[PDB]
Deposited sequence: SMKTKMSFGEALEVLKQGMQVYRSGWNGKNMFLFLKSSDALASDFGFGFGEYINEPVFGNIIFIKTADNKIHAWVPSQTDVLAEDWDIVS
């Protein structure tokens, strides 16, 4: 699978998890929690993209310029 970031973004908006081929650390993906999600979660939030890093920790995802322009996005399956 060779998706762009924009295509990988609509996949995130529909509740699925995406990852990149040329990423260094493994078992790594992104997931998007909506405001209502984050609200029922904790009580106003905006949409927040997270990342399950290699250490099984959840951090706020920071898009690198490479990740934004990359074409190697795939869906977790």
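Chain regions without C-alpha coordinates, deposited sequence numbering
Comparing the full sequence with the modelled residues, the uncovered ranges come out as 1 to 3, 47 to 56.
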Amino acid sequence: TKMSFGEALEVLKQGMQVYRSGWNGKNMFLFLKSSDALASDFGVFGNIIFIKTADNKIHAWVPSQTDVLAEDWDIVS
From here on, numbers count along this sequence of modelled residues.
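Compare the other PDB entries of this protein and indicate whether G46 is left unmodelled in at least a third of them.
No, modelled in all of them.
Where do the C-alpha atoms have the higher mean temperature factor in this entry, in 17 to 25 or in 50 to 58?
Higher mean C-alpha B-factor in the PDB entry: 50 to 58.
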